[PDB]
Amino acid sequence: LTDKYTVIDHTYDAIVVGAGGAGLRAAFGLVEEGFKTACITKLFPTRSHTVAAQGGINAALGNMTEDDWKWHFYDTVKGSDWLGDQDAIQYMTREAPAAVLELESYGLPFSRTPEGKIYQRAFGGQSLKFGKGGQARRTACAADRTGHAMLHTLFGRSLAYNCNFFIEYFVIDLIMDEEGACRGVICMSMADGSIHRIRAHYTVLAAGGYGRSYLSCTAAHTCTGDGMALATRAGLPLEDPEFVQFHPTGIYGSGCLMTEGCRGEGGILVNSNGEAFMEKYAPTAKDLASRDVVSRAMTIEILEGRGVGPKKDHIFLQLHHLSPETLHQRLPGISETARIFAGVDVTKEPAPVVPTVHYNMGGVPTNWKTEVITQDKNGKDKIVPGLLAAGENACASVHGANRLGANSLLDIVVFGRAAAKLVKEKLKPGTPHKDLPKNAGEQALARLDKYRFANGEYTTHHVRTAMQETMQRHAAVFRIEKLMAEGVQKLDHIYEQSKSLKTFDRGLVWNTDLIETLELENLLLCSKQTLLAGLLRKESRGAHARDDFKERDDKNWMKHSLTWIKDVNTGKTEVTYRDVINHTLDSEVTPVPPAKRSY
Amino acid sequence: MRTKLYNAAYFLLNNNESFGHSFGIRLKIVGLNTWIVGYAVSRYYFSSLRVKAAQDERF
Amino acid sequence: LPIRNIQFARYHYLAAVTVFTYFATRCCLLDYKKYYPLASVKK
Amino acid sequence: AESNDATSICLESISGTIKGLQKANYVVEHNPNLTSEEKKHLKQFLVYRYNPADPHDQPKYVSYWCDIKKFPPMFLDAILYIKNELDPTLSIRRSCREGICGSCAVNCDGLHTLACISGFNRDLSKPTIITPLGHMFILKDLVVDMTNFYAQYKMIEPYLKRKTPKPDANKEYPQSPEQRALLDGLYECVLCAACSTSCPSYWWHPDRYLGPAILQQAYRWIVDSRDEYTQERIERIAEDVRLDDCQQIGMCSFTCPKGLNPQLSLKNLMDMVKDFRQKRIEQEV
Amino acid sequence: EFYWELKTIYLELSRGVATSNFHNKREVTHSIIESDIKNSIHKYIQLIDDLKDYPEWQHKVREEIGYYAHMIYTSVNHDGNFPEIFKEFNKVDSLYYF
Amino acid sequence: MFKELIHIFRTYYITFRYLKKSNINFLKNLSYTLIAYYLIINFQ
Ligand SMILES: CCCCCCCCCCCCCCCCCC(=O)OC[C@H](COP(=O)([O-])OCC(O)COP(=O)([O-])OC[C@@H](COC(=O)CCCCCCCCCCCCCCCCC)OC(=O)CCCCCCCCCCCCCCCCC)OC(=O)CCCCCCCCCCCCCCCCC
Ligand SMILES: CCCCCCCCCCCCCCCCCC(=O)OC[C@H](COP(=O)([O-])OCC(O)COP(=O)([O-])OC[C@@H](COC(=O)CCCCCCCCCCCCCCCCC)OC(=O)CCCCCCCCCCCCCCCCC)OC(=O)CCCCCCCCCCCCCCCCC
Ligand SMILES: CCCCCCCCCCCCCCCCCC(=O)OC[C@H](COP(=O)([O-])OCC(O)COP(=O)([O-])OC[C@@H](COC(=O)CCCCCCCCCCCCCCCCC)OC(=O)CCCCCCCCCCCCCCCCC)OC(=O)CCCCCCCCCCCCCCCCC
Ligand SMILES: CCCCCCCCCCCCCCCCCC(=O)OC[C@H](COP(=O)([O-])OCC[N+](C)(C)C)OC(=O)CCCCCCCCCCCCCCCCC
Ligand SMILES: *Cc1cc2c(cc1C)nc1c(=O)[nH]c(=O)nc-1n2C[C@H](O)[C@H](O)[C@H](O)COP(=O)(O)OP(=O)(O)OC[C@H]1O[C@@H](n2cnc3c(N)ncnc32)[C@H](O)[C@@H]1O
Ligand SMILES: COC1=C(OC)C(=O)C(C/C=C(\C)CC/C=C(\C)CC/C=C(\C)CC/C=C(\C)CC/C=C(\C)CC/C=C(\C)CC/C=C(\C)CCC=C(C)C)=C(C)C1=O
Ligand SMILES: CCCCCCCCCCCCCCCCCC(=O)OC[C@H](COP(=O)(O)OCCN)OC(=O)CCCCCCCCCCCCCCCCC
Ligand SMILES: CCCCCCCCCCCCCCCCCC(=O)OC[C@H](COP(=O)(O)OCCN)OC(=O)CCCCCCCCCCCCCCCCC
Ligand code: SF4
Ligand code: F3S
Ligand code: FES
Ligand SMILES: [Ca+2]
Ligand SMILES: [Ca+2]
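The deposited coordinates, according to the entry record, derive from cryo-EM at 3.0 Å resolution.

Going by the PDB entry, chain F carries the name SDHD and comes from Tetrahymena thermophila.

The name given to chain C in the PDB entry is SDHTT11, with Tetrahymena thermophila as the source organism.

And the structure:
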């Protein structure tokens, strides 16, 4: 048996699987609500990917220019390309000003306008007066390191309360009973290999995306989509996995990011000819177009032979036009990063950039109150008891087919607070727990032991590299049916290989090899679902662009694509569809009809 | 329980100018005080010594 | 803030330190028995 | 059944110290089957390895000969190349890859620094030594126990406390660009602990004395104009040797890979503490 | 005085792991100090329980005394009798000191 | 001065950490008394 693993049982009113912005927000919000809450993270909170976020927090404060949150809602809907749920977008947009002001109240250092108000700068895809008011400066940014400051402020507030952090615990699986409810979580202590079965009523499942599924990706090494894989292994569906947003600017050959806000300060994109070409692809907003269209324009310019650098493989991001004072005051961190990872002095030289895998619009589906949902066998969606996805891990549909840009932090904060509010709404602090199922964690320990003592033929790194190369080659900016089918075959072969992995460490204390193997399994699941969902959708919408079907079809494909991986061992993927929401939470804002422009 | 161990930093850090500059002042003061105290102790010790005795003398 | 007779306090502390050091070390009252072999003689 | 073991332990300690001094910097070749001709084209990394979980393991350098023309020029890239290609049991913390998370702080060849944004001596003759942070307990390989660092960080109450209600609740705490730039170069700390592991006062008194980083954070929360617990924070950091133990060595500002100046922040904190002590007497009268 | 009891235990451990300690270096913790740690932590938990009516006093006792309990926790590996010695500490206090 | 000597001994010697501030103060008082006695007696 697997009883040889030490097992310890806890009991909490609520759990938060993750310590990013969403995780910390939800945890200390729950603690405010009066619930005995716990937070589980494999990294010290201040080292989550939220720290690396550079652009600002998008919100409709009327400081730099007259703004109204309805305009922000319209911009979000258009940027989503009419594939995001209207209700969730309305809620997030309406709550954005309060969320940002509360963040400032916590002590988050925001760049200050001369009058003392929070500073804001233009971003890609913003506008006023429902698109006809010109560029909109609504992104409230704390210099060029907004993510770092926001995460540190949230962590400080968390410390202000008692959140019972589980620092550097890796969550293996979700304890679910036969009724489909999430009883709790099963995690491991990387320090000494102890296994903890944390029982709880609600489990806020916010554990980031799977950016590391590709070869070149700005995502941290720890962004392995554990949140999206726990649900998949638990039988829950995954929503909109084919849409992957490529940030237009990313340092070539390194994967590091060039803050989009730089192009908002006055940066330019240049091909080998030495001209700004984005006008031909975005005559209205020029550089500050939606990330998807900018990335497609850059890819086309690359494929047109006008590659800026040696072997014509990237594009020049010019920033020396701006004054050095502006660069040092608004873009210090990115200037240093360019100096390091490129050896290019931003003040007087152009940086090399290429579109890079940035964000995962996919995730565990929810409704808008941050409750996981799943299609009942009839075909109607039902709420999974005791499970509240949040953050990037949750496909609340607030981003639809293309994230607007600088809306991810806003989504994080707003929906973490919303999840805490919902837990307060439904659960009561003084509710006794029922015993965990008979087979609490047999399968979790089984998988852990299987990967721990694996003596297969292929090394974890080899399989991970094969998967990353396959995704990079076949799930790039442009998709085509034959190439995607080849990629699906390759991914099936790689998955077959993964059943015979080899691991070289049989220890438990900080056995990073085992952690990376588990993350490899998670990324394999996510990659299979992503590629199949991309293959099925026969249209060109949002970030999902196909050479065979260049026109989006609102008549047939205006529906989220849910993916199922049942019987993980079999590794066969099915796909169904869930209709989009076209009804706002209220009559305050009329839902935006499907237009035909997308810039 | 196997007690944990660590590698002392000063054994594995490249020598730096800050260490030298600060520990120089600290050692200057240490030397001054140690010299004063040792001189006092030396005077006490030497004055504590007995007087020379005759050759092959008992008591 | 004002300290009455601060200068007197400074000089008293200095004098105390000087006297204590003088008596403890006997810096001024050396021993010259070690120099006798290296000295000339009269008479 | 057990007996007194003072003598055996003493003799073993003395003998082991002598032998270790004789056999300091113990090194084991990862792949002994290397022709000396081949080593001309490969650079040598001496990586510290230690697995306290295994009762039979003891600390040791391991020698890896790698072709530096196969991965980018950074300490983290070399470490990960060794892990993935040669020996995947190596342990190290890494999240951000661009010097932001601060998890990869290690002793990169004699200097504490983030391994992700630090290059290494390209010359193929001089070997490169990678070891964990010095005075931190070693959990496995290049992974140290930074728990005490976080515990100390918690004691400074790093959250904005205000004694005056906001006038309208629909605005933001006013702060002019000067009162914001007062924080510039002071909130960028990533809590890597590279500086504090290089502070001798922190070597000698890890618990009673807060590190340079934590004290810099306290200074950040003090100088911030929006918070109103200035005197309270000053008094809290003025206890025993939480701050008085700093000797202005200045190594903290020299090691900081982010370019911050914790030494200056600590100097300002000392000045403010002195003024607080004096005017607790001068004012209340 | 209870705080100084815990600090005495920690000081013994620190002298054990000191770099200058070339003469009294011990690989494995002996039973006596293990028993002392266990009983000290038991008394500390009982004290925390007895201060349930005084949140400020309870918080101060945690922040002050439990600091050295946490340092003792960090001084040793998680093997041997470690799960049993720190059983009470692992419930709540260990999570606080992370 | 005395304060500095005590500080150095505390920061460098691990064993000296055992002493409380109260014991340090008692040593301070005894040392001051002995210094006063020394100053007075040497002149007698
Ligand atoms: C590692 C192993 C090491 C082993 C070492 C072994 C050493 C054995 C020593 C044996 C005893 C020697 C005694 C010498 C006495 C000298 C005075 C004298 O003649 O007095 C006559 C003496 C009467 O004394 P007194 O006149 O009453 O008072 C004497 C006082 O000293 C007052 O007289 P004064 O007023 O004339 O004083 C002069 C004045 C002069 O002071 C000054 O002005 C100072 C000037 C200094 C100049 C230095 C210049 C150096 C240049 C440096 C350049 C560096 C450049 C770098 C560049 C770098 C690149 C840029 O003050 C001093 O001399 C200062 C002394 C206080 C010392 C303070 C420090 C004490 C602690 C540290 C000790 C050393 C530790 C080393 C550790 C090493 C570890 C590795 O009577 C005799 O005739 C006795 C003669 C001596 C023999 C005594 C025998 C006793 C035997 C006892 C039994 C046990 C013996 C055990 C032996 C063990 C051997 C292994
Ligand atoms: C069982 C009980 C518990 C036992 C515990 C164990 C230990 C024993 C404890 C026993 C309790 C007493 C301990 C002694 C006191 C300790 C004090 C202390 O630690 O204070 C630290 C504390 C350190 O503070 P700080 O912040 O560091 O500042 C110190 C600075 O020095 C700042 O100093 P400052 O600036 O404030 O100055 C202080 C002031 C203090 O002085 C005074 O005001 C006092 C004056 C003397 C009074 C003596 C009264 C004695 C009465 C004795 C009666 C008989 C008793 C018999 C008992 C028998 C048994 C029943 O100095 C002066 O007044 C300076 C006078 C200078 C005169 C210069 C003359 C100039 C002549 C020329 C004139 C101009 C001519 C012009 C010509 C021009 C020609 C052209 O000291 C003070 O602040 C107070 C001042 C120092 C007082 C020292 C007193 C020492 C007394 C020792 C007595 C030993 C008796 C043994 C008897 C044995 C019998 C068997
Ligand atoms: C002639 C007139 C009469 C002279 C004698 C007068 C004696 C008066 C009474 C003295 C009472 C001393 C004991 C009470 C004080 C507190 C002790 C304490 O902390 O207790 C626990 C503490 C033990 O703590 P632990 O937990 O066992 O240790 C682990 C901790 O991590 C350790 O943590 P920690 O930081 O607390 O430990 C540091 C510890 C030091 O303890 C240690 O951890 C190691 C001690 C041994 C070190 C040996 C050297 C190591 C290698 C260094 C390199 C040497 C190179 C030499 C060659 C150079 C060639 C060029 O520091 C101390 O012991 C503090 C006081 C030291 C000065 C006072 C004692 C002076 C004794 C001098 C005579 C010794 C016997 C003769 C030796 C020569 C025979 C030919 O101390 C003791 O129990 C041992 C006491 C010392 C025993 C003697 C060791 C040799 C010391 C030589 C010093 C020489 C200085 C230079 C001037 C000498 C002028 C005479
Ligand atoms: C009459 C007797 C006289 C005997 C004379 C003996 C002289 C002793 C001189 C000792 C010098 C200082 C080092 C020992 C004491 C340290 C005390 C202390 O506080 O340190 C604690 C610290 C160690 O502790 P730590 O670093 O763990 O700090 C404490 C941290 N906590 C609290 C977290 C545990 O410092 C040291 O001990 C440093 C030791 C350095 C050792 C250097 C050895 C150099 C050897 C050179 C040999 C040269 C030979 C040349 C031959 C040539 C031939 C041709
Ligand atoms: C990569 C990136 C993203 C980014 C950005 C720049 C970069 C380089 N700049 C942005 C910007 O300017 N504006 C913006 O709106 N977004 C920007 N982004 C994207 C955005 O920051 C992220 O999408 C979002 O912040 C991520 O939030 P989330 O909290 O969901 O993700 P996370 O911070 O990575 O949190 C994950 C946490 O969960 C823990 N974890 C992970 N796996 C596990 C397992 N298995 N068990 C337990 N815990 C787990 C992680 O340790 C972390 O704490
Ligand atoms: C100031 O703050 C600081 C600290 O405190 C918090 C630190 O801890 C630190 C770090 C601290 C440490 C590493 C401490 C641990 C290490 C230690 C103590 C090692 C150092 C040890 C010592 C200094 C003691 C040993 C040395 C001695 C006894 C010195 C002996 C000297 C001798 C014998 C002199 C030799 C020279 C001569 C005899 C001269 C010969 C030539 C001539 C005479 C010339 C000829 C003359 C004629 C006339 C012809 C720093 C850097 C710091 O800055
Ligand atoms: C830096 C930190 C430390 C600082 C420490 C400071 C200490 C301050 C001490 C203050 C008090 C000073 C007292 C001085 C007493 C000196 C006594 C002495 O040994 O004097 C020398 C004496 C012979 O002197 P005398 O008879 O006068 O003959 C010469 C006359 N022209 O010699 C003799 O008669 C020889 C016999 C007596 C001496 C015996 C010594 C025995 C030592 C045993 C050591 C045991 C431990 C060994 C450890 C190592 C083991 C491997
Ligand atoms: C591992 C090894 C560990 C070893 C540990 C050892 C620890 C030992 C600690 C104790 C020894 C410390 C020695 C310090 C050096 C001696 C200094 C001294 O003589 O002064 C002592 C003290 C003042 O010095 P201090 O308190 O240190 O500094 C105060 C700064 N404001 O002076 C006093 O307070 C004494 C009281 C008198 C002060 C002077 C008073 C004024 C002087 C004039 C008096 C006039 C009296 C009447 C008239 C007489 C003349 C006519
Ligand atoms: S003080 Fe410097 S070295 Fe330490 S965490 Fe902050 S930036 Fe890094
Ligand atoms: S390196 Fe060390 S002691 Fe003080 S000012 Fe700088 S911290
Ligand atoms: S690896 Fe990201 S900061 Fe060190
Ligand atoms: Ca998402
Ligand atoms: Ca203030």
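After presenting the structure, the write-up continues.
Moving on, we come to the site of ligand 10. Residues and elements named next belong to chain D. Around ligand 10 sit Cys199, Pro200, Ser201, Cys246, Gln247, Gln248, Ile249, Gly250, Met251, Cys252, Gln263 and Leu266, and that is every residue in its neighbourhood. Elements with a contribution of two residues or more to the shell around ligand 10: α5 (200–204), α8 (251–255) and α9 (262–282). Here the residues of the shell around ligand 10 sort into 7 nonpolar, 5 polar and no charged.

Take the pattern of salt bridges next. With the rule as written, the count across this model stands at 72 salt bridges over all chains. Through salt bridges with shared partners, a single network forms among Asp81, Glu242, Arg537, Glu539, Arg541, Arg552 and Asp554 of chain A.

Right, let's talk about the arrangement of the chains for a bit. Of all 11 pairs of chains sharing an interface, the pair with the highest contact count is chains A and D. At the level of C-alpha atoms, the two units chain A and chain C stay apart, their nearest approach being 37 Å. At the level of C-alpha atoms, the two units chain C and chain E stay apart, their nearest approach being 33 Å.

On to the sheet that holds strand β24 (residues 559–566) of chain A, then. The strands that make up a sheet pair up through hydrogen bonds in the backbone, lying either parallel or antiparallel. Reading across from one edge, β10-β24-β25 (chain A) is the order of the 3 strands in this open sheet, with antiparallel pairing throughout. The open sheet has two free edges, formed respectively by β10 (238–239) and β25 (572–579) of chain A, since each of these has just one partner strand.

Turning next to the coordination of the calcium ion (ligand 13). Residues and elements named next belong to chain D. Protein-derived coordination of the calcium ion (ligand 13) comes from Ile222 (O), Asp224 (O), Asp227 (OD) and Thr230 (OG1), at a distance range of 2.3 to 2.8 Å. Ordering the donors of the calcium ion (ligand 13) by residue number gives the pattern I-x1-D-x2-D-x2-T. Of the two residues examined, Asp224 and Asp227, each falls in the buried class.

A word on helix α1 (residues 6–25) of chain C. A rise of 1.5 Å per residue sets the reference length of α1 of chain C, with its 20 residues, at 28 Å; its end C-alpha atoms lie 28 Å apart and thus fit the reference within 8%. Within two residues after α1 of chain C, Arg26 of chain C carries a phi angle of roughly 55 degrees, on the positive side.

To continue, consider the nonpolar core. Among the nonpolar cores identified, the biggest contains 236 residues, and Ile40, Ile57, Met150 and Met258 of chain A, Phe149 of chain D together with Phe86 of chain E are the most heavily contacted of them. When near neighbours in sequence (up to four residues on either side) are disregarded, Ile40 of chain A contacts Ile15, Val16, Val17, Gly18, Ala19, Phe166, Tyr169, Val171, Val185, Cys187 and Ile198 of chain A. Counting residues in hydrophobic clusters, the runner-up holds 54 residues, among them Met228, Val357, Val477 and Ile515 of chain A.

Now for the coordination of the calcium ion (ligand 12). Residues and elements named next belong to chain A. At the metal site, the calcium ion (ligand 12) is ligated by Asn360 (O), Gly362 (O) and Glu392 (O), and these contacts range over 2.7 to 2.8 Å. All donors of the calcium ion (ligand 12) belong to a single chain; written as a sequence motif, their spacing is N-x1-G-x29-E. With a gap of 32 residues between them, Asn360 in strand β15 (residues 356–360) and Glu392 in the loop between β18 (381–383) and β19 (394–395) connect regions that are remote in the sequence. Just as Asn360 is buried, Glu392 falls in that class too.

The next point concerns the sheet that holds strand β5 (residues 112–114) of chain D. Residues and elements named next belong to chain D. Spatially, 6 strands are ordered β1-β3-β2-β6-β4-β5 in an open sheet, and the strand pairing comes out mixed. With partners counted over all chains shown, the strands left at the sheet margins are β1 (27–29) and β5, one partner each. Pairs of neighbouring strands in the sheet enclose a mean axial angle of 35 degrees, with direction left out of account. Where strand β2 (residues 43–49) meets strand β6 (residues 128–131), 3 bridges bridge the pair, whose relative direction is parallel. Directly across from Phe45, in β6, lies its bridge partner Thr128.

This part takes up the interface of chain F and chain C. One frequently used descriptor of interface size is the decrease in accessible area upon assembly of the parts. Taken together, the contact pairs 6 residues of chain F with 7 residues of chain C. Taking both partners together, chain F and chain C bury about 570 Å²; carbon and sulfur atoms supply 83% of that area. For the pair chain F and chain C, the interface holds 0 salt bridges. Where chain F meets chain C, there are 2 residue pairs in polar contact.

A few words on the interface of chain D and chain A. At the interface, 53 residues of chain D touch 60 residues of chain A. Considering only the side of chain D, the residues that lose the most area to chain A are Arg97, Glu98 and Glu172 of chain D, jointly responsible for 15% of the buried surface there. Put simply, chain D and chain A have 6 salt bridges between them. Residue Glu104 of chain A is joined to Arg226 of chain D by a salt bridge in which the shortest nitrogen-to-oxygen separation is 2.7 Å. Put simply, chain D and chain A have 22 residue pairs in polar contact between them. Looking at the side of chain D that touches chain A, the elements with two or more residues in it are α2 (75–86), β7 (138–140), α3 (147–154), α4 (177–181) and α6 (212–223) of chain D. By residue number, the principal contributor to the side of chain D that touches chain A is α2 of chain D, which donates 4 residues. Partitioned by chemical class, the residues of the side of chain D that touches chain A number 28 nonpolar, 9 polar and 16 charged.

Our next topic: the pairing of strand β7 (residues 169–176) of chain A. Residue and element names in this part refer to chain A. Most of β7 sits inside the fold, with 7 of its 8 residues counted as buried. Two strands pair when backbone bridges link them, and β7 and strand β8 (residues 182–189) are joined in this way by 7 bridges, in the antiparallel orientation. Looking at the pairing, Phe170 lines up with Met188 of β8. Linking two consecutive strands that pair antiparallel, namely β7 and β8, is a turn of 5 residues; a positive phi of about 85 degrees is found at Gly180 within it.

This part covers the packing of aromatic side chains. Tallied over the entire structure, the rule returns 45 aromatic pairs over all chains. Here the aromatic rings of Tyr91 of chain A and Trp368 of chain A are separated by 5.8 Å at their centres, their planes lie at 55 degrees, and the arrangement is tilted. Taken together, the positions of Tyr91 of chain A in helix α3 (residues 86–106) and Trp368 of chain A in the loop between β16 (364–365) and β17 (373–375) put the pair 277 residues apart, joining distant regions of the chain. Ring centres of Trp204 of chain D and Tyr12 of chain F lie 5.9 Å apart, and the angle between their planes is 50 degrees; this geometry places the pair in the tilted category. Here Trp204 of chain D is found in helix α5, whereas its partner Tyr12 of chain F is found in helix α1 (residues 2–12) on a different chain.

Thresholds, definitions, all that
Residues numbered from 1 in each chain as written, not as in the entry; some residues may be left out. Chains lettered and ligands numbered in written order. Part of a larger assembly, values for the part shown. Heavy atoms only, no water. Near = heavy atom within 4 Å. Helix = DSSP H or I, 4+ residues; strand = E, 2+ residues; numbered from the N terminus. Nonpolar A, V, L, I, M, F, W, Y, C, P; charged D, E, K, R; others polar. Salt bridge = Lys/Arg side-chain N within 4 Å of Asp/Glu carboxyl O. Contact = heavy atoms within 4.5 Å. Pairing = 2+ DSSP bridges. Donors = N, O, S within 2.8 Å, 3.2 Å for Na, K, Ca; no water. Buried < 20%, exposed > 50% of the residue type's maximum accessible area, 1.4 Å probe, protein only. Expected span 1.5 Å × (residues − 1). Core = buried A, V, L, I, M, F, W, Y, C linked by side-chain atoms within 4.5 Å. Axes fitted to C-alpha atoms, helices over the stretch in contact; angles between N-to-C directions. Buried area = accessible area lost by both parts, 1.4 Å probe. Polar contact = N/O pair within 3.5 Å; in protein donor to acceptor, adjacent residues only side chain to side chain. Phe/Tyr/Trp six-rings, centres within 6.5 Å; stacked < 30°, edge-to-face > 60°.

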